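Would you mind keeping the following structure in view while I ask a few things?
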Number of protein chains: 2
Amino acid sequence: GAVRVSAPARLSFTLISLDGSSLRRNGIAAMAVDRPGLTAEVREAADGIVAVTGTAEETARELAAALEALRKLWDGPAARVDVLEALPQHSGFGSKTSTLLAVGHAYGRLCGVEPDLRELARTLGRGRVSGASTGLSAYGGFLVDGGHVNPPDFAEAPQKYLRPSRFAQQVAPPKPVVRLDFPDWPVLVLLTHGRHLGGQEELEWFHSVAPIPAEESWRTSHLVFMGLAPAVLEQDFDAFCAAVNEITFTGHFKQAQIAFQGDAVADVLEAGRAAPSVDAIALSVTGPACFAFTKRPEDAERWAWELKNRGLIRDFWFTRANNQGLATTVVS
Amino acid sequence: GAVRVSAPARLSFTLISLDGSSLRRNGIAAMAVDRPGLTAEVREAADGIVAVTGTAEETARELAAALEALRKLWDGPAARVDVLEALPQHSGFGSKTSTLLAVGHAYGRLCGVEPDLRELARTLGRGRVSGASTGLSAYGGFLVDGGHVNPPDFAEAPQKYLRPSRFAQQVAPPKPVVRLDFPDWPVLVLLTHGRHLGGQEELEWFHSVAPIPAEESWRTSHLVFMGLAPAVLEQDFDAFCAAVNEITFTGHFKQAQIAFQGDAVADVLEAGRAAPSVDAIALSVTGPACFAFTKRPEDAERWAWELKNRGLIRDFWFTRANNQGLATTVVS
Ligand SMILES: O=P(O)(O)OC[C@H]1O[C@H](OP(=O)(O)OP(=O)(O)O)[C@H](O)[C@@H]1O
Ligand SMILES: O=P(O)(O)OC[C@H]1O[C@H](OP(=O)(O)OP(=O)(O)O)[C@H](O)[C@@H]1O
Ligand SMILES: Nc1c(C(=O)O)n[nH]c1C(=O)O
Ligand SMILES: Nc1c(C(=O)O)n[nH]c1C(=O)O
Ligand SMILES: [K+]
Ligand SMILES: [K+]
Ligand SMILES: [Mg+2]
Ligand SMILES: [Mg+2]
């Protein structure tokens with residue numbers, strides 16, 4: 001028998017608190033979508049050898065390492081995971097956290113354990129900046145996590161803590177301060193020509209932007225918690241789009257992420273802004289995934305199809321929010 | 001038979017968004033506490049005459065009016081309500097909303113209806129600034145509501161919308177963006193010598209302070225959503241107290257509320273700040289209720305007892321958060 005696990009992608013609106021004077025750092029607003037999706041089957045490896053197929057090399061190595069670590073922790077069998085549908089790696093879909101937690105959960109189910117997904121994220125070294133994929137794996141929908149309390153030594157050297165996930169200090173994953181069902185609105189996903197960053201390239205860029213001005217952290221909290229989140233809660237489409245657009249085009253950190261990718265992303269965001277068929281548009285992390293909202297999906301479809309034919313984007317599709325998170329079925 | 005209803009008081013940390021340029025106005029962080037509490041019994045009035053006892057005159061009139069309005073709406077009997085334990089009126093405990101919703105709910109139960117408490121709040125003209133007592137009646141705990149979307153005509157004359165509850169434009173109550181269980185920490189309630197405001201006095205004061213600077217709205221969102229709320233979620237007492245103190249002593253609107261009451265409140269807040277037994281202290285609305293947090297309740301008890309004996313406060317008691325909201329039992 002196998003444990004078949006399905007999980008949504010994570011789209012990120014923004015990181016929030018990245019200045020040198022705040023009580024807390026990070027905080028992320030995010031939502032779960034069905035496409036791109038993860039589908040994986042976990043079964044007992046007859047030869048006791050951990051085996052992974054269907055993913056990029058980096059993810060395959062960390063999945064193997066995770067299944068070895070969990071084999072020991074839960075005194076369980078060697079597992080083979082066949083990733084039948086992989087989340088695109090390093091594309092703004094939170095692929096690694098979402099895949100590790102889904103496969104870890106499915107392996108848990110094989111072993112007769114039901115792991116706390118946040119505790120499993122901690123076990124696998126996730127959540128040192130973002131609790132987004134961790135929270136959305138458990139709950140789906142729209143969430144804003146509370147980031148991380150800044151220790152007493154933060155103020156004297158903030159760049160010790162204000163880092164990308166790969167270089168961030170060891171801490172537990174944040175918990176969700178806000179978790180809501182996303183309204184039954186369609187989401188337009190655009191794959192831009194944006195590049196994948198190098199680890200050292202990203203760390204140097206991050207230290208060139210953070211710490212951001214205190215007032216910009218505050219304004220970002222304001223746009224997320226007193227703009228995005230209430231509009232989701234009240235299913236107010238026009239209010240939601242105004243908040244998304246204010247973050248995309250004026251968010252200090254988000255503008256830095258856009259500028260780092262350059263025209264490959266900025267031209268698509270500008271085209272979305274000019275297009276009457278697109279009510280709001282956003283870059284997830286540094287992309288290449290962008291996402292858009294529309295009360296005229298029929299028109300936005302034709303606009304995206306033309307952009308793809310012209311080669312200004314790689315791909316586009318409509319999806320809907322996932323309001324559950326991961327699901328599992330036992331199959332042959 | 002009677003419907004016996006018990007409900008907690010509402011303590012307010014701060015109003016959030018009160019500037020002339022924001023997407024939304026208001027937003028309130030609040031928590032429910034057991035003491036002061038409401039206890040009321042609702043029964044059928046044999047003579048078909050709506051009767052209220054146990055409250056101040058203003059509350060008794062609005063309760064009678066509410067029970068008349070609901071008698072018609074639900075085609076039910078005339079009700080007598082005996083308020084056996086009243087929430088102190090105009091003292092920072094959200095007495096009117098909390099009492100109207102509890103008695104309305106209990107009357108509902110008498111009529112064989114289970115009303116949506118937020119819709120009942122709308123019916124009774126509550127929630128034009130604060131969704132705090134409305135949300136806490138339903139859920140208890142700690143909550144931050146999302147305030148109200150600012151209409152297109154807001155920017156040209158913000159004082160049309162930025163008003164106290166009594167003078168605010170007709171709108172539905174806000175919904176909770178954040179709702180959490182409060183940790184099992186004790187709360188010290190202090191009744192100061194603060195005065196009750198007049199309606200015209202409050203409206204003129206409010207227009208003298210609002211609209212507040214945009215940056216102060218943003219910083220208040222930051223302290224509430226990226227300070228108070230994550231510390232509640234993570235049950236981090238020191239982080240919680242740092243956020244409470246930053247709001248009390250630096251919050252732009254809160255400082256204006258303190259200054260309007262003067263030494264009667266400011267001296268108690270300053271005494272709490274200086275006192276090693278008090279880790280954090282706060283004014284609920286304009287008071288006279290203040291509330292405090294301590295990891296040394298034994299020491300804070302002796303400190304409050306001395307303040308009361310000296311006459312710097314009227315009263316003090318320890319209570320705990322209510323994590324349920326209103327409850328009802330059918331009695332003889
Ligand atoms: O734990 P999470 O909420 O997923 O957030 C952390 C990860 O997400 C971002 O990359 P991206 O969205 O591109 O995901 P990936 O790098 O795992 O594919 C970031 O670069 C981290 O790699
Ligand atoms: O709907 P709510 O969340 O209760 O908030 C609205 C009411 O609360 C404040 O007064 P206060 O806390 O003193 O309550 P009261 O004036 O009803 O007693 C404010 O002056 C409003 O009167
Ligand atoms: N989640 C992230 C984001 C984001 O969501 O924008 N940027 N950096 C990170 C990170 O984890 O390093
Ligand atoms: N709830 C309020 C507060 C508060 O909680 O501080 N100040 N004014 C109001 C109001 O309703 O007018
Ligand atoms: K547009
Ligand atoms: K103190
Ligand atoms: Mg990444
Ligand atoms: Mg009042």
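Below, chain A is the first sequence line, B the second, and so on; all start at residue 1. These values consider heavy atoms only, across backbone and side chains, with no hydrogens, waters or symmetry-generated copies.
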Is the CZ atom of A:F253 crowded by more than 12 outside heavy atoms at less than 6.0 Å? yes

Just wondering, more than 12 heavy atoms not from A:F154 lying within 6.0 Å of its CZ? yes

Chain B contacts, top residue of A:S17, A:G147, A:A242, A:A239 (heavy-atom pairs, under 4.5 Å): A:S17

More than 12 foreign heavy atoms under 6.0 Å from CG of B:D153: is that the case here? yes

In Å, rounded to the nearest 0.5 Å, how long is the span from CZ of A:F225 to CZ of B:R24? 14.5 Å

So what's closer than 4.5 Å to chain B heavy atoms on A:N26: side chain, backbone, both or neither? backbone

Taking atom types as modelled, find out whether B:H222 and A:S22 have a side-chain donor-acceptor pair closer than 3.5 angstrom. yes

Note: A:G146 and B:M226 closest approach over all heavy atoms is O-CE, 3.5 Å

Can you tell which part of A:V178 gets under 4.5 Å to a heavy atom of chain B, answering side chain, backbone, both or neither? both

Residue part contacting chain B, namely of A:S217, when any heavy atom lies under 4.5 Å: both

Looking at chain A, which one of B:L233, B:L23, B:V224, B:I16 has the largest number of heavy-atom pairs inside 4.5 Å, strictly under? B:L233

